[PDB]
Amino acid sequence: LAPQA
Amino acid sequence: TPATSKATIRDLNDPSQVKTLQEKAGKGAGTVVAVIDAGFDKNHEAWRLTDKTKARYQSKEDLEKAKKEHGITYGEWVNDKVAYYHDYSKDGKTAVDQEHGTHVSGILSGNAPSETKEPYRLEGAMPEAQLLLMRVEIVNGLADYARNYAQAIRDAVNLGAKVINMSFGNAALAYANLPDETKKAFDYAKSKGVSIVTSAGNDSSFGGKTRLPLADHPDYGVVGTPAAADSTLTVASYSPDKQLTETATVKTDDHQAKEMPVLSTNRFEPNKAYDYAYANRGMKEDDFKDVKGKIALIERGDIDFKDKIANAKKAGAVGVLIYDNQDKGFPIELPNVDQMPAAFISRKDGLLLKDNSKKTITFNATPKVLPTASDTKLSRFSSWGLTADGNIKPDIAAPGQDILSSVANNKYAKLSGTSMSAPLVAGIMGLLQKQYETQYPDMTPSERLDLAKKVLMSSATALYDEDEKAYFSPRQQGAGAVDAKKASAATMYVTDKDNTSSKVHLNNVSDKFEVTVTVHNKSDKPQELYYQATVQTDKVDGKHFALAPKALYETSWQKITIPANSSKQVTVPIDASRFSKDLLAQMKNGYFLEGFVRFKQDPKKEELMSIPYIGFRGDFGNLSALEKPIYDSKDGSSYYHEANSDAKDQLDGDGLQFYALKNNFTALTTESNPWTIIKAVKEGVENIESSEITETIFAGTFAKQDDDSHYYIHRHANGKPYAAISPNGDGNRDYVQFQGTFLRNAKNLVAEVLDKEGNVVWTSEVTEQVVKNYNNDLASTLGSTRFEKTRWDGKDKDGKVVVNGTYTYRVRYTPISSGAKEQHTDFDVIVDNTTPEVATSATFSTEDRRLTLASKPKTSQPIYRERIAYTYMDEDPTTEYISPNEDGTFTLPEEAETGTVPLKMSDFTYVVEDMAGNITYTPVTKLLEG
Ligand SMILES: [Ca+2]
Ligand code: NA
């Protein structure tokens with residue numbers, strides 16, 4: 001869900 | 001000393017002003033609310049009532065009586081707070097996740113006691129209501145999923161729920177495709193005055209959170225179902241300008257103590273003075289030179305967070321501070337890498353720490369309310385409208401960044417998402433419905449619900465983008481940010497001309513149009529208001545929508561007096577003709593003309609009401625649903641596929657990839673089958689022996705005779721791709737199959753073949769529902785879709801192979817929009833089954849190892865490859881190829897490096913292939929002995 005980068 | 005009484009989170013941070021509404025309408029005692037989600041911790045300390053004697057269900061016996069009344073023979077009482085639990089998806093093999101549903105439920109109705117380990121008590125919006133907890137999860141398809149939560153809705157209504165929160169959804173799905181049972185459940189809830197609140201979704205726009213959609217393609221909404229149902233209240237996520245946050249403290253050069261927000265994964269030691277060191281973006285080991293024993297301070301960018309965190313641990317860091325590379329960004333929850341403490345901070349705070357002298361930082365144990373780096377700003381992840389059918393969603397916005405609530409195993413955590421926004425609005429809706437039972441007692445429940453939704457949307461505050469100097473688009477924020485104080489105080493609301501909703505849909509517009517709204521006054525005295533409309537569109541950066549608003553102009557303030565207990569219409573003329581040239585230069589297929597009609601008691605006072613309007617300057621229903629074929633791209637690129645600039649015609653196939661994240665574009669697929677595998681299936685080899693494999697490739701692509709591991713597009717003189725099949729059952733270029741990158745949803749996708757003489761010779765089975773390719777990610781959807789129903793094997797209606805010639809492979813599909821014309825994309829496909837006529841005799845020259853053929857090959861389609869293979873055993877079986885010399889002969893070698901192994905004459909095979917895949921293979925021995 002959250003940005004990985 | 002009496003027992004310690006802790007403050008609640010809302011006592012310190014209440015961005016939506018829930019306390020004002022609670023002062024008017026209570027905290028939920030005697031009321032029941034329902035949460036439909038994926039799983040719950042039913043034993044959480046947050047599930048408690050202050051006075052169970054006021055509850056609707058005082059015991060398991062009261063609940064079973066209600067069940068018997070409605071014929072419900074499943075589900076159970078749990079405790080005084082959780083009056084009902086049922087799992088509607090028990091046939092699922094996967095384990096139950098309890099985090100997300102517990103978190104949502106805590107926002108709606110958590111009621112943690114002062115005995116909690118937390119510094120501040122979680123007290124949800126309706127902390128004294130009882131909960132019905134309903135588990136639903138996908139098990140056997142999306143239709144069955146909808147049938148299951150339709151039953152949960154109906155059970156919730158019949159067990160007395162006043163509001164139902166659904167913090168889940170599936171992106172881009174159309175309302176019309178829901179089962180009738182599901183549509184009837186929504187209507188049943190509305191007929192009983194039961195509110196249903198849905199999350200907008202966390203899918204940003206078409207392309208996802210790492211991309212911007214293309215300015216040529218304005219229908220970039222990704223809101224799905226259940227949110228797309230008109231009767232629900234769909235909630236987007238934004239960040240307020242302040243938030244209760246954990247903090248860290250640093251001594252600066254000219255401000256002594258300086259507190260900054262941190263968002264931590266795992267735990268730093270509170271009140272411990274850590275040292276830190278700058279480590280660039282954490283990409284090289286040299287970055288972590290002075291990091292041993294300290295906190296690595298790392299800038300966002302280039303590599304993944306988990307990579308930066310692991311690299312810091314490798315160099316002996318005790319923790320990680322990662323600061324944003326965006327200005328006014330949002331806190332991002334960092335991944336847990338082997339328990340490593342890691343905190344995210346803003347760019348301003350990161351740059352401050354970088355240039356700070358005393359590089360020592362201390363984490364504080366008590367959270368406090370600090371300004372947010374983002375200021376008031378809509379969440380980047382929040383799903384944009386419009387719905388598949390083109391209706392206006394979301395409806396409203398609520399805080400959804402880093403919300404602290406209950407999770408599994410009696411714990412608490414912060415989470416971001418529209419799933420956190422929705423239960424806050426659900427709680428506000430429930431309390432406003434309670435207020436209206438006293439304020440409007442002669443209405444029915446359904447009339448009170450309809451009023452509450454209109455007041456919530458009207459009284460919501462249109463959020464303003466300070467950087468762009470315009471209001472955030474209604475397709476992103478709906479009717480504004482919810483405000484429980486304004487909503488509780490409201491005696492007026494505003495709707496469209498037909499009194500159906502607090503939003504105005506204008507469908508297609510020209511540059512001149514009118515916005516008509518009705519102002520409803522429910523008070524005993526006449527009221528005078530000033531109104532004005534904003535006129536705005538999308539901001540555009542180069543070829544992309546910026547996902548930001550562009551102000552065009554605002555109308556002049558006008559006046560209206562609404563008599564008591566009555567309503568009046570007003571009409572605002574809009575004329576954007578002077579902008580059309582510049583806007584059409586940016587958005588050539590049309591653009592939205594949208595805004596808000598804003599109402600005030602006096603032009604210098606604060607906004608009292610606001611209603612959004614949306615129109616499309618163009619023909620929205622007939623926007624192209626399909627991205628043009630990759631073959632028609634000048635630079636070789638597409639939305640999800642970047643080309644090799646030094647080779648724009650290169651187009652490699654699937655290869656040995658496991659996932660299909662590469663090559664997502666519109667094209668035709670086929671298969672390449674080497675001659676060795678064709679032979680092994682003629683002879684009957686069980687499990688294949690050879691070094692070559694069958695590969696899925698794109699039609700119209702061909703390797704070079706001097707193999708280099710790449711395929712390339714070939715085209716006719718006119719420019720179309722050279723697509724050709726040889727339907728002879730050998731698996732080499734036998735078929736074509738449609739692969740599509742859909743920019744919009746579509747229905748009734750079907751492939752047909754035309755003989756270019758005026759007849760349809762074949763028609764595929766129909767694919768009824770097509771969903772837009774709104775991302776290119778395994779966690780959501782891939783950037784293109786392969787449609788197996790469109791596979792054409794070269795046969796006709798009756799089942800006979802069609803004759804040699806060129807045909808039209810036609811793919812038809814229709815957009816979801818009402819009255820949309822059918823669209824289609826055509827491919828020229830050659831059929832040719834003519835076997836190559838190769839030479840049957842050959843003489844060999846022992847002097848120079850040159851093999852002379854008796855005749856040159858004869859093929860119907862142009863020659864693809866003339867080669868001589870040789871298979872040798874290398875460390876147990878490789879196969880390489882030889883190209884013909886310029887005089888026609890082939891030079892055969894005597895060995896082959898691996899070591900070095902000799903080559904017998906029995907190892908060579910003459911292989912001839914045409915551009916349709918027709919192939920002949922003959923051992924060179926049979927050529928010599930003949
Ligand atoms: Ca074939
Ligand atoms: Na509003």
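Quick note on labels: first sequence line is chain A, next is B, and so on, each numbered from 1. Counting convention: from 1, in listed order, for ligands and their atoms alike.
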Worksheet entry | Charged tip of B/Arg475 within 45° of B/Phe592 ring normal and under 6.0 Å |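 Cation-pi check for B/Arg475 and B/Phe592: passes.
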Worksheet item: Does B/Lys522 count as lying over the ring of B/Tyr440, i.e. NZ or CZ under 6.0 Å from the six-ring centre, within 45 degrees of the axis?
Response: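 Verdict for B/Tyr440: a cation-pi partner in B/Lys522.
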Item to complete: Name the orientation class of the two ring planes belonging to B/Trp675 and B/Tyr921 (parallel below 30°, tilted from 30 to 60°, perpendicular beyond 60°).
Response: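 If you compare the ring of B/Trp675 with that of B/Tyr921, the planes turn out tilted.
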Practice prompt. Take the angle between the ring planes of B/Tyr864 and B/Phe702 and call it parallel below 30°, perpendicular above 60°, tilted in between.
Written response: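 The rings of B/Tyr864 and B/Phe702 stand perpendicular, inter-plane angle above 60°.
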Quick check on the Na ion (ligand 2): does [X] put an N/O/S atom closer than 3.0 Å to it?
X        : answer
B/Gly480 : no
B/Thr461 : no
B/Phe596 : no
B/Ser610 : yes

Fill in: Shell of protein N/O/S atoms around the Ca ion (ligand 1), taken as anything under 3.0 Å
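Metal shell, protein only: B/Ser726 O, B/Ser726 OG, B/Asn728 OD1, B/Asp730 OD1, B/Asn732 O, B/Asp734 OD1.
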Should [X] and [Y] count as an ion pair when the cut-off is N to O under 4.0 Å?
X        : Y        : answer
B/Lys539 : B/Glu468 : yes
B/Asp793 : B/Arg791 : no
B/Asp496 : B/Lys503 : no
B/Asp832 : B/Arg733 : no

Discussion item. Please report, to 10°, the angle around the Na ion (ligand 2) from atom O (B/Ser458) across to atom O (B/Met457).
Written reply: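 Answer comes to 70°, rounded to 10°.
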Worksheet entry | Metal site angle (apex the Na ion (ligand 2)), O from B/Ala479 and O from B/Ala460, 10 degrees |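 Value returned, to the nearest 10°, is 90°.
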Fill in: All salt bridge (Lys or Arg N to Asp or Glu O under 4.0 Å) counterparts of B/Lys756, not counting sequence neighbours
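B/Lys756: salt bridge (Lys or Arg N to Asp or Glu O under 4.0 Å) contacts with B/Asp828.
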